[PDB]
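The listed protein sequences correspond, in order, to chains A and B. Residue numbers for the first sequence follow my numbering, beginning at 873 and rising by one. Residue numbers for the second sequence follow my numbering, beginning at 21 and rising by one.
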Amino acid sequence: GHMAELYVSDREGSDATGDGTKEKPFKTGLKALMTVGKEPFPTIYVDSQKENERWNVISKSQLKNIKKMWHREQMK
Amino acid sequence: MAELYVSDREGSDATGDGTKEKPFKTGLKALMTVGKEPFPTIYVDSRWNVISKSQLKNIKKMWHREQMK
Ligand SMILES: [Cl-]
Ligand SMILES: [Zn+2]
Ligand SMILES: [Zn+2]
């Protein structure tokens with residue numbers, strides 16, 4: 873039932889009241905990976921650090937760190 | 021470490037160390053660098069506001085899961 877993209881926005885999202893949609897992003901990557909029920913990981917978008925763009929694909933470093941945590945969290 | 025600094029806009033998990041001058045980028049990385057309790061105070065970008073208990077709870081929850089080996 874899970875979807876193909878996820879939005880995380882440090883400044884505009886909430887982990888409390890957000891759902892990882894573009895309209896209502898999560899706030900954190902820790903919150904996001906908690907949601908991920910199966911692989912493949914959805915494509916995660918983050919704040920663009922540029923004034924020009926709202927959104928930007930997660931960095932490769934940030935993704936790898938989230939996934940490390942996710943796998944280890946899948947081992948109870 | 022008594023106070024950890026985390027900055028999505030300006031920090032780095034790669035070259036940062038959680039100092040106010042070299043903040044971490046995420047709480048994800050920050051928790052990974054805490055090996056003992058009690059936790060340092062965590063400050064996030066607003067400039068700096070202390071971490072919302074709403075996200076601190078998540079960080080301190082996932083940190084306890086880690087410590088089990
Ligand atoms: Cl995070
Ligand atoms: Zn896997
Ligand atoms: Zn404890």
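Built from N, CA and C at the ideal position, the CB exists for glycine as well.
Cβ-heavy atom distance, residue i to ligand 4, below 8 Å
i	result
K936/A	Ligands present in the displayed structure are limited to ligand 1, ligand 2 and ligand 3, and ligand 4 is not among them.
Minimum Cβ-Cβ distance from residue i to chain A less than 9 Å
i	result
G36/B	no
Beta-carbon proximity of residue i to residue j, cut-off 9 Å
i	j	result
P897/A	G909/A	no
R85/B	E911/A	no
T46/B	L902/A	yes
Span of the beta strand (DSSP E), counted from its first residue to its last, around residue i
i	result
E945/A	Run containing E945/A: none in the beta strand (DSSP E); it sits in the alpha helix (DSSP H), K932 to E945.
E23/B	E23 to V26
Contact with chain B by residue i, beta-carbon distance below 9 Å
i	result
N924/A	no
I938/A	yes
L902/A	yes
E884/A	no
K894/A	no
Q946/A	no
Span of the alpha helix (DSSP H) around residue i
i	result
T61/B	Looking at the DSSP string, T61/B is not in any alpha helix (DSSP H); the run it does join, the beta strand (DSSP E), is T61 to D65.
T907/A	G901 to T907
Closest Cα partner of residue i within the set the options
i	options	result
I938/A	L905/A, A888/A and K922/A	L905/A
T39/B	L48/B, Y63/B, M82/B and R29/B	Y63/B
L76/B	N928/A, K932/A, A888/A and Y879/A	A888/A
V880/A	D919/A, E923/A and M941/A	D919/A
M21/B	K81/B, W83/B and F59/B	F59/B
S72/B	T907/A, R883/A and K948/A	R883/A
Residue i (DSSP reduced to helix, strand or coil)
i	result
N69/B	strand
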